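[1] take this sequence and fold it.
(2 chains)
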Amino acid sequence: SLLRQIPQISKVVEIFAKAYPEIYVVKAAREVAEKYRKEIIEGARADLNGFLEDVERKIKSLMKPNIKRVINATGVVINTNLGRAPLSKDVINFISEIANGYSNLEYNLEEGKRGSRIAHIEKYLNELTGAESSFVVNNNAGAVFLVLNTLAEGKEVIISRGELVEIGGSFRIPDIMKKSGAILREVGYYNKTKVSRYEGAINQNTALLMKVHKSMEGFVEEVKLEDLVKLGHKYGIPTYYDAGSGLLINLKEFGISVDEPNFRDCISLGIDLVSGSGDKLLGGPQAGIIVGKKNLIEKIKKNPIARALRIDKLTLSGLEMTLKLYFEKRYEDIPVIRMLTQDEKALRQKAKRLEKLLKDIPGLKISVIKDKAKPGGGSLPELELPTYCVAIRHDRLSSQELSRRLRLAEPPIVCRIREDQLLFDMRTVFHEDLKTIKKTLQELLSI
Amino acid sequence: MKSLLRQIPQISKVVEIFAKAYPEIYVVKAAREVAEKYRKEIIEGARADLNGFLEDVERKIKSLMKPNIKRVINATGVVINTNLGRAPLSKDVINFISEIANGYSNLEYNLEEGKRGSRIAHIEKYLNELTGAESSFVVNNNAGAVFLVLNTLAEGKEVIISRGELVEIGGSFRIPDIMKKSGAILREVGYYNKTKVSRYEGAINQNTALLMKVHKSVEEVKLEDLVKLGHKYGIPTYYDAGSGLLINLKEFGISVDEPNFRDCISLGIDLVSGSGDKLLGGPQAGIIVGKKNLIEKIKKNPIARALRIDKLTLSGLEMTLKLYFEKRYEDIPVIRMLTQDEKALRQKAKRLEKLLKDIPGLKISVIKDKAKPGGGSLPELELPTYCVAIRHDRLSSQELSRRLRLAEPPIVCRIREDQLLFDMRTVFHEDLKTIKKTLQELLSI
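    Numbers count the residues shown, from 1 in each chain, chains lettered A, B, ... in the order given. Below is the structure in question.
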């Protein structure tokens, strides 16, 4: 007699007339009905009062989109979980304009006939990298696959074994390379690699000489790209470097001195092909960018799989604007550049601005700390930049529970934990959000 | 020739000629681009003259400073127009995408668990809901879908298929090229027009991984017979329907034969795939729905990562899928444009013809015409529309539309017996002012 007591859908329809829409009601009822069937199936529940209540909560949740914006307090500029680079509204205004109606995407308005959509971008990339040609695909994972599968299907690619390991590519890249159609001839060891070891692997099947970007142990011997180019010329073998960061120009120009491959220097070094991610250090939309020797790029363009990796209108549109800014050197308009160029002093400032807003909250130990951080994500761990974070602690509540409620808030707030203290990194935080932090913080703690 | 080549001015001189005129950088880019073109044309001896030069360099600048991708006014009446970008997006969608695009988000993060999550999670549940399939996945495009399904289920194994599905001019042999490149071993059956069920079974052996059918624009076999057989021997069936059509069409008062996901899954096909941005009026997408163990397999193939969808198309996919659920079809540009009533079309044609009567030398007529608005994708589709025909005494339409496409904004329209035809179907009323404006702009000068 207990399970039959679960009310008919039609009856819950009655309950919510103009209360909510019928269709969203029925979706909520069914979902709960299934759950509440199952609770009593395992005999876990003796109660049918919560039927009505939780239905409503579904309805309450079914009517807000699954994707939602979020407040990043992690200080990781490139946050893979939080969607990597965000976009200036300039870019987003361009994208929206094109997206809203028909366009010249695959049309050539001069000739009055069809055209490639990479025409729109190509010349920018060429300009900035100094590469003979360029092509853009869905993402850099696609790029790699496309480069190998195009140049070396059935033929060998020589690469060091150290570039088959990764926790940040989660072996997704190696696994693609292994699935690319090419025969990888691995050389050297994890830490051990000499140029000769490469040359020693050169043969009648050799198609390509490949280097990938590395991300720790005591020592690692590795080879200067110059030796690879040298080698590749010597034996008539194209050289490919997956940079992956997508870093367009040298960093030194923004006041950051690090060792990082940028397209322009890699091409000027003599690599035949370089490929990178559009949405990491380029701060653009998701893309795989490839630049280099024309004959190569040309071959790749003609691989049919390249139709399976063809970028959508939006990412293209967005990527043109992104590129137009880079040419006009408007780096302040490129979110990821803006945040990384943020000054040490201006960061202390923002942390203190918040700290003042939180003394009026009970049970709270607010502290402000200077920390060296890695805002590149697990992608670019070589990148160390100082930041001021806002550390907090609550007596009654653990950070593990505190943050659990922060992320469960509207809006949600995401921040790193250190030793049962909630750190807010100011690097990733728009001044806008600060009020909404205090607001949402005290609201939770208020009940 | 080298005296004539030496006449080429150095870049620093061209920088002098445009001072505050234009930004230094855009002058130099335009000077380099042009200097190369001029060197080469002297080298092939095509040019004896340097006079057209500076004016040309300026034209570059004026063009280098504007985006290459620009909005275009579509009067072709082709709703799915592969040159004009296919399905446009409603502003409801665009605003969502734009909101997310602007800052950080819960894309790959599960806010509940406080750990990383698959971005498909967001969209999966609407997809299953609408189609009725056990699970669903989404990749870059339908091309990418096809490849992935094959490379996943049939790498090194045999896919059965009719030879008839190796010969397309509208897929430009691009599709069978992908399938060939997929890593699967296709086993073709029957002939171009010749296909019997037994011929499909006789091709089943210990290496058969999959039976597959693709959507045909002749004597073939119904799918019913294919699932029946697939089931018999334990062989998944996969149907690339490709239009990306979400539900039966009959609900919009259009009665055609066209595969939709929901009906194809109800028919028991094990997997069905389709283009997000064709009849679904969504963003570019490869949509895969069907049996769980299959989509599970597929999700786990490492190539799927290279085929992964970006943020914007994902977030635009959610908004679109939301509207579909709420049957807010009027907010899906493709559906809206295709459901547009005969009467409501004539009205728009008149509103424009009113606006153009004040312009001289213009023969303005309004006509009803039946058209093929599905694009070369869906040719079986004939629908009535009202167009605005025009003519100008001194100007041929070949020249007139040439001048239209070259306008800002550009305007693209189909020609009929030296009449420029503006099909209302693909025109947004916001354009009407800019049509009039740019029309007289050409003719007055």
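[2] so when I look at residue A:336, I'm seeing a helix, right?
    Yes. Per DSSP: H, G, I helix; E, B strand; the rest coil, residue A:336 lies within a helix segment.
[3] can you report how many residues lie near it?
    A count of nearby residues for residue A:336, using other Cβ atoms under 10 Å in any protein chain shown, gives 22. All C-beta spots, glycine's among them, are computed from the backbone N, C-alpha and C.
[4] what residues are up against it?
    Residues in contact with residue A:336 (Cβ atoms under 8 Å, 6 or more residues apart in numbering or on different chains) are A:77, A:78, A:85, A:86, A:280, A:281, A:282, A:283.
[5] the fourth one contacts residue A:334, doesn't it?
    No. Applying Cβ atoms under 8 Å, one finds residue A:86 not in contact with residue A:334, separated by 10.1 Å.
[6] pick out whichever of the two has more residues nearby.
    residue A:86 (26 against 22).
[7] give the helix, strand or coil label for that one.
    coil.
[8] phi, psi for it please.
    phi -80, psi 170 (degrees, to the nearest 10).
[9] and it, how far from residue B:312?
    Using Cβ to Cβ, to the nearest Å, residue A:86 is found at 12 Å from residue B:312.
[10] one more: residue A:110?
    29 Å.
[11] ok, and the closest non-adjacent residue to the most centrally placed residue in chain A?
    Here the mean C-alpha position of chain A is nearest to the C-alpha of residue A:84 (Cα atoms, centre = their mean), at a distance of 3.3 Å. Nearest non-adjacent residue to residue A:84, counting by Cβ to Cβ, 6 or more residues apart in numbering or on different chains: residue A:279, 4.5 Å away.
[12] does the one you found touch residue A:245 like I think?
    No. Residue A:279 lies out of contact with residue A:245 (Cβ under 8 Å); the separation is 10.6 Å.
[13] so which of those two has more stuff around it?
    residue A:279 (27 against 23).
[14] so who does that one touch?
    Contacts of residue A:279 (Cβ under 8 Å, 6+ apart): A:84, A:85, A:246, A:285, A:286, A:287, B:310.
[15] same check, this time on residue A:321
    Residue A:321 touches A:90, A:91, A:94, A:95, B:67, counting by Cβ under 8 Å, 6+ apart.
[16] repeat that for residue A:51.
    A:6, A:7, A:32, A:36.
[17] most neighbours, which of those?
    Most surrounded of the contacts of residue A:51: other Cβ under 10 Å gives residue A:32, at 22 neighbours.
[18] helix, strand or coil: sort out that one for me.
    helix.
[19] that one contacts residue A:59, doesn't it?
    No. Judged on Cβ under 8 Å, residue A:32 makes no contact with residue A:59 at a distance of 9.8 Å.
[20] follow-up on the earlier one: farthest pair in the contacts of residue A:279?
    Within the contacts of residue A:279, A:246 and B:310 form the most distant pair, 13.8 Å apart (Cβ to Cβ).
[21] overlap in contacts of these two?
    A:279, A:287.
[22] okay, now the domains of chain A?
    Domain segmentation of chain A under curated CATH domains yields A:1-81+A:342-447, A:82-341.
[23] now, of the ones you listed, which is deepest in the fold?
    Of all those, domain A:82-341 carries the top mean neighbour count, a mean of 20, counting by mean count of other Cβ atoms under 10 Å in any protein chain shown.
[24] show the end-to-end separation of it, please.
    20 Å (Cα to Cα, to the nearest Å).
[25] for the closest residue in space to residue A:212 that isn't next to it in sequence, give me its contacts.
    The spatially closest residue to residue A:212, leaving aside those adjacent along the chain, is residue A:163, at 4.1 Å (Cβ to Cβ, 6+ apart). Listed by Cβ under 8 Å, 6+ apart, the contact set of residue A:163 reads A:174, A:210, A:211, A:212, A:214.
[26] now secondary structure too, for the contacts of residue A:51, in TSV please.
    Listed next are the contacts of residue A:51 as TSV, based on three-state DSSP:
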residue	secondary structure
A:6	coil
A:7	coil
A:32	helix
A:36	helix
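[27] tell me the one among those residues nearest to chain B.
    residue A:32 (14.9 Å; Cβ to the nearest Cβ).
[28] contact partners for the closest one?
    A:51, A:54, A:55, A:58.
[29] secondary structure element for residue A:197?
    helix A:195-199 (DSSP states H and E).
[30] what sits up against that helix?
    A:158, A:160, A:187, A:188, A:209, A:223, A:227, A:228, A:231, A:235.
[31] which of the residues you listed fall within strands?
    A:158, A:160, A:187, A:209 (DSSP state E).
[32] verify the stated contact: the second one with residue A:194.
    No. Under the criterion of Cβ under 8 Å, residue A:160 is not in contact with residue A:194, lying 9.9 Å apart.
[33] part of a helix, is residue A:127?
    Yes. Assessed by three-state DSSP, residue A:127 belongs to a helix.
[34] these two touch, right, it and residue A:327?
    Yes. Under the criterion of Cβ under 8 Å, residue A:127 makes contact with residue A:327 at 6.7 Å.
[35] quick one, strands of the stretch 51-200 of chain A?
    With DSSP state E, counting those that start in this stretch, the ranges of strands along the stretch 51-200 of chain A come out as A:71-73, A:107-108, A:113-114, A:133-137, A:156-160, A:183-187.
[36] name every strand pairing with the first one and say which way it goes.
    Yep, that's strand A:71-73 we're talking about. Sheet pairing of strand A:71-73 (DSSP bridges) gives strand A:413-415 (parallel).
[37] equivalent analysis for the fifth one, please.
    Sheet partners assigned to strand A:156-160 using DSSP bridges are listed as strand A:183-187 (parallel), strand A:206-212 (parallel).
[38] what's the distance between the longest one and the middle of its chain?
    Computed by Cα atoms, centre = their mean, to the nearest Å, the chain-centroid distance of strand A:206-212 equals 26 Å.
[39] CA atoms of it as CSV?
    C-alpha atoms of strand A:206-212 as CSV (Å, rounded to 0.1, in the frame of the first residue of the first chain):
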residue,chain,number,x,y,z
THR,A,206,61.4,8.5,-42.1
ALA,A,207,58.8,11.2,-42.8
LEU,A,208,59.1,13.8,-40.1
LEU,A,209,61.2,15.0,-37.1
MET,A,210,58.9,16.0,-34.3
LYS,A,211,59.3,17.9,-31.0
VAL,A,212,56.6,18.5,-28.5
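[40] can you tell me what sits against that strand?
    Counting by Cβ under 8 Å, 6+ apart, residues outside strand A:206-212 touching it are A:147-148, A:151-152, A:155-160, A:163, A:173, A:182, A:185, A:198, A:223, A:225, A:228, A:231-232, A:235, A:237-242, A:244.
[41] now do stretch A:59-72
    By Cβ under 8 Å, 6+ apart, stretch A:59-72 touches A:16, A:20, A:24-25, A:27-28, A:79, A:82, A:411-414, A:428-429, A:433, A:436-437, B:96, B:99-100, B:102-107, B:109, B:111, B:121-123, B:125, B:314-315, B:318-319, B:322.
[42] what helices or strands is the strand or helix carrying residue A:372 leaning on?
    Element membership of residue A:372, judged by DSSP H and E, is strand A:367-373. Contacts defined by 3 or more Cβ pairs under 8 Å, 6 or more residues apart in numbering or on different chains; DSSP states H and E place strand A:367-373 against helix A:344-356, strand A:385-392, strand A:422-425.
[43] quick check, residue A:325 in a strand?
    No. Using three-state DSSP, the assignment for residue A:325 is helix, not a strand.
[44] quick check: closest non-adjacent residue to it.
    residue A:333 (5.1 Å).
[45] how about the contacts made by residue A:294?
    Counting by Cβ under 8 Å, 6+ apart, residue A:294 has contacts A:132, A:133.
[46] same question but for residue A:143, I mixed them up
    Per Cβ under 8 Å, 6+ apart, neighbours of residue A:143: A:137, A:242, A:275, A:276, A:288, A:289, A:290.
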